[PDB]
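See structure below.
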Amino acid sequence: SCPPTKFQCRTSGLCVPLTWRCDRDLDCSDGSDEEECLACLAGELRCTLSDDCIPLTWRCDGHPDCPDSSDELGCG
Amino acid sequence: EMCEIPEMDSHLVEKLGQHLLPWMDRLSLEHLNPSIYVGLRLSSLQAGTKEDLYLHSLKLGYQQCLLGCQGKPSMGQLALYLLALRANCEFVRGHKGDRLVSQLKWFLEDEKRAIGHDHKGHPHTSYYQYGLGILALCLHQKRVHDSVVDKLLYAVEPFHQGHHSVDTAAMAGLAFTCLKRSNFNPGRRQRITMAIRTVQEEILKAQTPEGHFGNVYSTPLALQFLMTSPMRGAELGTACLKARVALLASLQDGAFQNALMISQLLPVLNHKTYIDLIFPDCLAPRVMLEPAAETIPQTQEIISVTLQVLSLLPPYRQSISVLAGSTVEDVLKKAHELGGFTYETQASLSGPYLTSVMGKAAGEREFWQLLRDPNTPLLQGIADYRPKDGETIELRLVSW
Ligand code: CNC
Ligand SMILES: [Ca+2]
Ligand SMILES: [Ca+2]
Ligand SMILES: [Ca+2]
């Protein structure tokens with residue numbers, strides 16, 4: 001019912017992009033989209049598994065700012 | 001005493017909501033407005049199924065543009081999108097959500113760096129957006145470092161540098177209130193508590209003899225903040241009743257046309273504020289808004305407005321004829337059509353923002369100020385202010 005290259009959330013009837021198709025996020029209310037298919041600056045720290053730098057103050061702040069969540073993994 | 005605004009006439013509230021209603025069908029990214037969605041959800045009014053489509057459009061636009069668009073949204077607008085999520089009883093979540101959060105955190109970190117350890121440097125945007133960003137993160141229970149909060153604290157605390165509007169102070173106060181209610185930044189708890197009282201006092205001391213806080217368009221946000229906490233020792237009740245009187249007069253005189261302004265006022269009229277987004281009540285009953293059946297008589301009268309720009313050499317000064325009821329923007333269009341005048345605007349949540357005049361764009365900490373005679377700054381933008389016959393409108397490049 002909706003344009004090709006966009007998945008349609010079946011219960012909602014709403015239409016969402018394929019990038020979001022099988023991408024671990026629940027973008028549809030019906031969750032149909034899922035089962036259906038460099039130096040760091042001073043004061044910054046590098047994410048363990050990637051290129052990314054975050055400020056030191058983002059360590060242990062309750063939110064995963066690193067792709068691998070390594071900035072909160074150490075905290076325990 | 002408490003800041004209470006007794007319920008206004010339902011008819012009067014309804015006609016405010018009907019001004020918002022046409023925007024529910026304008027889903028293009030240049031027109032998408034998270035503040036409109038928030039204001040409506042916090043109001044006593046609703047647009048039914050249109051709301052769900054509106055939120056869906058917001059989610060599509062903001063997530064694709066910022067993670068994957070014509071003039072994608074700003075970080076300040078991303079903050080308001082976060083408020084929109086709370087208005088639907090959602091927490092920002094998933095991998096796409098986490099990334100959006102960190103982008104907003106980067107915005108705050110960059111502004112902190114721009115301000116500096118000394119606090120002389122300005123933010124690249126305003127302290128209003130700085131406060132809005134802290135609030136938005138706090139509403140989703142996302143924490144910011146004490147060093148980030150410190151810049152907002154210093155901006156309002158005694159012996160602070162610069163001068164902030166009522167709007168900016170109110171937004172700061174809302175951010176401080178969310179931090180305090182969430183027990184965030186406990187190492188700044190006493191200063192946060194003191195800052196809230198400071199903002200209260202400065203807003204009360206900014207009340208005009210008419211009853212507005214600062215001006216008619218600062219009053220809505222000011223009231224939102226004042227409603228969130230008691231103010232012992234002060235006569236907050238009296239001040240707020242006087243504001244209601246001022247607000248009522250302004251409403252009956254058609255002051256509130258702009259959709260963003262209405263979206264900031266509607267929560268107040270429903271006894272709600274942005275702080276109600278900590279524990280949202282999404283299923284509270286709201287009256288369905290129907291389109292105002294309403295004729296559109298054209299005027300028959302011609303008016304002439306003088307447009308002038310003295311900020312450029314050679315200066316511009318021309319008498320422009322338009323239909324009565326035309327906006328400043330209509331005058332600008334007509335001037336452009338007559339030849340010898342150009343200008344540029346950019347989209348914002350408040351509507352078209354004037355960025356350039358006759359080839360001259362506003363630079364850092366500069367803007368094109370709108371004035372009427374004599375030397376009186378407009379309280380509305382080019383698309384909302386409707387000049388009277390014989391008026392002189394000036395565009396003036398100023399530094400702030
Ligand atoms: C900061 C600020 C504020 N301003 Co100015 C003030 N003082 N503003 C802007 C500043 C922007 C620059 C900057 N670096 O931040 C500043 C000082 C240059 C600006 C300009 C003035 N402002 C003005 C007014 C009247 C509006 N502004 C407010 C939005 C008043 C705001 C207060 C409020 N209650 O909202 C305000 C405190 C916060 C806006 C914000 O950041 N929102 C959050 C952001 C995420 O949303 P946004 O849509 O993307 O923000 C953009 C727009 O707001 C645009 N913009 C700013 N003001 C306006 C006004 C209009 C009418 C339009 C269409 C766009 C803007 O600037 C922002 C981009 O940085 C408004 C409530 C303020 C008020 N209480 O009087 C009012 C607006 C009243 C209304 N009926 O809509 C001016 C028209 C004054 C004048 N006579 O010239 C003028 C705009 C002229 C123009 N060139 O078009
Ligand atoms: Ca998905
Ligand atoms: Ca973190
Ligand atoms: Ca207006």
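Scheme for the structure tokens: letters A, B, ... for chains in order shown; per-chain residue numbers from 1; ligand numbers from 1 in order shown.
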**Distance filter 8 Å, only C-alpha atoms, chain A against chain B, as a list in words** =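 Taking only C-alpha atoms into account, residues 16, 24, 25, 26, 57, 58, 61, 62, 63, 64 and 65 of chain A sit within 8 Å of chain B.
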Okay, now the selection with N, CA, C and O atoms, as a PDB file, in the first residue's frame?
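Full text of selection_21.pdb as output:
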```
ATOM      1  N   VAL A  16       7.961   2.532   6.651  1.00  0.00           N
ATOM      2  CA  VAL A  16       9.303   2.917   7.186  1.00  0.00           C
ATOM      3  C   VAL A  16      10.427   2.407   6.283  1.00  0.00           C
ATOM      4  O   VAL A  16      10.240   1.400   5.625  1.00  0.00           O
ATOM      5  N   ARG A  24      17.725  -4.327  14.489  1.00  0.00           N
ATOM      6  CA  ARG A  24      17.696  -4.492  15.945  1.00  0.00           C
ATOM      7  C   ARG A  24      16.843  -3.448  16.668  1.00  0.00           C
ATOM      8  O   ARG A  24      16.605  -3.570  17.869  1.00  0.00           O
ATOM      9  N   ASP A  25      16.382  -2.427  15.955  1.00  0.00           N
ATOM     10  CA  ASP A  25      15.513  -1.428  16.573  1.00  0.00           C
ATOM     11  C   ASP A  25      14.036  -1.694  16.272  1.00  0.00           C
ATOM     12  O   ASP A  25      13.677  -2.083  15.161  1.00  0.00           O
ATOM     13  N   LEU A  26      13.184  -1.472  17.267  1.00  0.00           N
ATOM     14  CA  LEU A  26      11.742  -1.596  17.074  1.00  0.00           C
ATOM     15  C   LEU A  26      11.167  -0.264  16.596  1.00  0.00           C
ATOM     16  O   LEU A  26      10.752   0.578  17.396  1.00  0.00           O
ATOM     17  N   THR A  57      34.601  12.859  30.540  1.00  0.00           N
ATOM     18  CA  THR A  57      33.467  13.013  31.432  1.00  0.00           C
ATOM     19  C   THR A  57      32.270  12.159  31.000  1.00  0.00           C
ATOM     20  O   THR A  57      31.277  12.058  31.733  1.00  0.00           O
ATOM     21  N   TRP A  58      32.349  11.552  29.817  1.00  0.00           N
ATOM     22  CA  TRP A  58      31.260  10.675  29.359  1.00  0.00           C
ATOM     23  C   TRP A  58      31.491   9.248  29.837  1.00  0.00           C
ATOM     24  O   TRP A  58      30.667   8.363  29.601  1.00  0.00           O
ATOM     25  N   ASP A  61      28.702   7.693  32.681  1.00  0.00           N
ATOM     26  CA  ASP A  61      27.638   8.678  32.906  1.00  0.00           C
ATOM     27  C   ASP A  61      26.238   8.083  32.704  1.00  0.00           C
ATOM     28  O   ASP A  61      25.240   8.807  32.712  1.00  0.00           O
ATOM     29  N   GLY A  62      26.174   6.764  32.540  1.00  0.00           N
ATOM     30  CA  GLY A  62      24.908   6.056  32.459  1.00  0.00           C
ATOM     31  C   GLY A  62      24.385   5.858  31.047  1.00  0.00           C
ATOM     32  O   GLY A  62      23.343   5.237  30.856  1.00  0.00           O
ATOM     33  N   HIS A  63      25.103   6.378  30.054  1.00  0.00           N
ATOM     34  CA  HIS A  63      24.667   6.252  28.670  1.00  0.00           C
ATOM     35  C   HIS A  63      25.822   5.782  27.785  1.00  0.00           C
ATOM     36  O   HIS A  63      26.922   6.319  27.873  1.00  0.00           O
ATOM     37  N   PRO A  64      25.569   4.776  26.924  1.00  0.00           N
ATOM     38  CA  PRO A  64      26.611   4.240  26.037  1.00  0.00           C
ATOM     39  C   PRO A  64      26.872   5.158  24.852  1.00  0.00           C
ATOM     40  O   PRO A  64      26.122   5.140  23.874  1.00  0.00           O
ATOM     41  N   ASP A  65      27.928   5.958  24.941  1.00  0.00           N
ATOM     42  CA  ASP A  65      28.259   6.891  23.874  1.00  0.00           C
ATOM     43  C   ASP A  65      29.169   6.223  22.859  1.00  0.00           C
ATOM     44  O   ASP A  65      29.302   6.686  21.734  1.00  0.00           O
TER      45      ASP A  65
END
```
**Item:** Selection within 6 Å of ligand 2 by only C-alpha atoms and all ligand atoms, output as a ChimeraX atom specification
**Value:** /A:20-27,33-34
Export, as a PDB file, in the first residue's frame, the selected residues with N, CA, C and O atoms.
```
ATOM      1  N   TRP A  20      16.056   0.409   8.130  1.00  0.00           N
ATOM      2  CA  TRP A  20      15.526   0.069   9.444  1.00  0.00           C
ATOM      3  C   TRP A  20      15.008  -1.366   9.491  1.00  0.00           C
ATOM      4  O   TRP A  20      14.603  -1.854  10.547  1.00  0.00           O
ATOM      5  N   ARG A  21      15.024  -2.038   8.343  1.00  0.00           N
ATOM      6  CA  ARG A  21      14.563  -3.417   8.247  1.00  0.00           C
ATOM      7  C   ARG A  21      15.661  -4.336   8.742  1.00  0.00           C
ATOM      8  O   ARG A  21      16.723  -4.413   8.128  1.00  0.00           O
ATOM      9  N   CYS A  22      15.323  -5.056   9.826  1.00  0.00           N
ATOM     10  CA  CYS A  22      16.273  -5.996  10.475  1.00  0.00           C
ATOM     11  C   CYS A  22      17.490  -5.192  10.932  1.00  0.00           C
ATOM     12  O   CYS A  22      18.593  -5.427  10.405  1.00  0.00           O
ATOM     13  N   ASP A  23      17.286  -4.283  11.885  1.00  0.00           N
ATOM     14  CA  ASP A  23      18.369  -3.442  12.339  1.00  0.00           C
ATOM     15  C   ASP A  23      18.357  -3.337  13.857  1.00  0.00           C
ATOM     16  O   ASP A  23      18.882  -2.383  14.427  1.00  0.00           O
ATOM     17  N   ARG A  24      17.725  -4.327  14.489  1.00  0.00           N
ATOM     18  CA  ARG A  24      17.696  -4.492  15.945  1.00  0.00           C
ATOM     19  C   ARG A  24      16.843  -3.448  16.668  1.00  0.00           C
ATOM     20  O   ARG A  24      16.605  -3.570  17.869  1.00  0.00           O
ATOM     21  N   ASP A  25      16.382  -2.427  15.955  1.00  0.00           N
ATOM     22  CA  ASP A  25      15.513  -1.428  16.573  1.00  0.00           C
ATOM     23  C   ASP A  25      14.036  -1.694  16.272  1.00  0.00           C
ATOM     24  O   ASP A  25      13.677  -2.083  15.161  1.00  0.00           O
ATOM     25  N   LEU A  26      13.184  -1.472  17.267  1.00  0.00           N
ATOM     26  CA  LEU A  26      11.742  -1.596  17.074  1.00  0.00           C
ATOM     27  C   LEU A  26      11.167  -0.264  16.596  1.00  0.00           C
ATOM     28  O   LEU A  26      10.752   0.578  17.396  1.00  0.00           O
ATOM     29  N   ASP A  27      11.142  -0.085  15.279  1.00  0.00           N
ATOM     30  CA  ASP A  27      10.671   1.154  14.674  1.00  0.00           C
ATOM     31  C   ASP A  27       9.168   1.105  14.433  1.00  0.00           C
ATOM     32  O   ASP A  27       8.494   2.133  14.422  1.00  0.00           O
ATOM     33  N   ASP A  33       9.186  -4.964  11.498  1.00  0.00           N
ATOM     34  CA  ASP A  33      10.433  -4.583  10.835  1.00  0.00           C
ATOM     35  C   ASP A  33      11.628  -5.447  11.245  1.00  0.00           C
ATOM     36  O   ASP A  33      12.684  -5.386  10.617  1.00  0.00           O
ATOM     37  N   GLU A  34      11.481  -6.184  12.334  1.00  0.00           N
ATOM     38  CA  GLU A  34      12.687  -6.899  12.809  1.00  0.00           C
ATOM     39  C   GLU A  34      12.614  -8.379  12.449  1.00  0.00           C
ATOM     40  O   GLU A  34      13.505  -8.835  11.712  1.00  0.00           O
TER      41      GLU A  34
END
```
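With only C-alpha atoms as the basis for measurement, A:50 is the residue among A:1, A:32, A:8, A:50 that approaches residue A:69 most closely.
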**Request:** Compile the contact shell of stretch 317-326 of chain B as a ChimeraX atom specification: residues with an atom at most 9 Å away, counting only C-alpha atoms, same-chain residues fewer than 2 positions apart removed.
**Result:** /B:298-310,315,328-332,334-335,338,383,385-389,392
**Message:** Could you list, as a PyMOL selection string, all protein and nucleic acid residues with an atom at most 7 Å from ligand 1, counting only C-alpha atoms and all ligand atoms?
**Reply:** chain B and resi 74+76-77+80+124-126+128-129+165+167-168+215+217-218+221+256+258+260-261+348-355+365-371+377-382
**Item:** Proximity to ligand 4 - best of B:278, B:259, B:66, B:265, only C-alpha atoms and all ligand atoms
**Value:**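 Result for the nearest residue to ligand 4: B:259.
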**Message:** Taking only C-alpha atoms and all ligand atoms into account, name the residue in B:289, B:44, B:1, B:327 that is nearest to ligand 4.
**Reply:**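 Selected residue with least distance to ligand 4: B:327.
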**Request:** Taking the DSSP assignment computed from this structure's backbone, write out as a ChimeraX atom specification all residues of chain A that belong to strand (DSSP E).
**Result:** /A:6-9,14-17,44-46,53-55
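Compared by their closest atoms to ligand 4, and using only C-alpha atoms and all ligand atoms, the residues B:255, B:84, B:249, B:5 rank with B:255 nearest.
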**Item:** residue A:5 environment, 10 Å, only C-alpha atoms, sequence neighbours closer than 5 positions dropped, as a list in words
**Value:**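 My list of contacting residues is residues 15, 16, 17, 18 and 19 of chain A.
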File dump, residues just selected, N, CA, C and O atoms, as an mmCIF file, in the first residue's frame:
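Final file, again.cif:
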```
data_model
loop_
_atom_site.group_PDB
_atom_site.id
_atom_site.type_symbol
_atom_site.label_atom_id
_atom_site.label_comp_id
_atom_site.auth_asym_id
_atom_site.auth_seq_id
_atom_site.Cartn_x
_atom_site.Cartn_y
_atom_site.Cartn_z
ATOM 1 N N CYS A 15 4.545 3.501 6.998
ATOM 2 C CA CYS A 15 5.586 2.896 6.117
ATOM 3 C C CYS A 15 6.963 3.413 6.542
ATOM 4 O O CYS A 15 7.085 4.627 6.750
ATOM 5 N N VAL A 16 7.961 2.532 6.651
ATOM 6 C CA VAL A 16 9.303 2.917 7.186
ATOM 7 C C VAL A 16 10.427 2.407 6.283
ATOM 8 O O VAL A 16 10.240 1.400 5.625
ATOM 9 N N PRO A 17 11.616 3.035 6.271
ATOM 10 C CA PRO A 17 12.698 2.638 5.364
ATOM 11 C C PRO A 17 13.360 1.274 5.594
ATOM 12 O O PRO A 17 13.398 0.807 6.711
ATOM 13 N N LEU A 18 13.860 0.680 4.512
ATOM 14 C CA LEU A 18 14.515 -0.650 4.566
ATOM 15 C C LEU A 18 15.762 -0.621 5.442
ATOM 16 O O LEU A 18 16.118 -1.673 5.946
ATOM 17 N N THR A 19 16.539 0.450 5.404
ATOM 18 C CA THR A 19 17.691 0.528 6.335
ATOM 19 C C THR A 19 17.253 0.032 7.708
ATOM 20 O O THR A 19 18.013 -0.719 8.339
#
```
**Message:** Based on the backbone DSSP call, show me all residues of stretch 127-308 of chain B assigned helix (DSSP H, G or I), as a PyMOL selection string.
**Reply:** chain B and resi 127-139+146-156+166-181+186-205+219-226+236-252+259-269+274-277
**Request:** Rank nothing, just name the residue among A:13, A:3, A:55, A:31 nearest to ligand 3, using only C-alpha atoms and all ligand atoms.
**Result:** A:55
**Request:** Identify which of the residues B:264, B:85, B:235, B:210 lies closest to ligand 4, counting only C-alpha atoms and all ligand atoms when measuring atom-to-atom distances.
**Result:**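 Comparing B:264, B:85, B:235, B:210 against ligand 4, the winner is B:264.
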**Message:** If I take atom CA of residue B:241 and atom CA of residue B:266, how far is one from the other in Å, to one decimal?
**Reply:** 16.9 Å
**Message:** Just to confirm, what's the straight-line distance from atom CA of residue B:27 to atom CA of residue B:90 in Å (one decimal)?
**Reply:** 20.8 Å
**Residue neighbourhood stretch 51-54 of chain A, 9 Å, only C-alpha atoms, exclusion window fewer than 5 positions, as a count of residues only** = 14
**Item:** Computed interatomic separation between atom CA of residue B:131 and atom CA of residue B:43 (Å)
**Value:**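 Those two atoms sit 22.8 Å apart.
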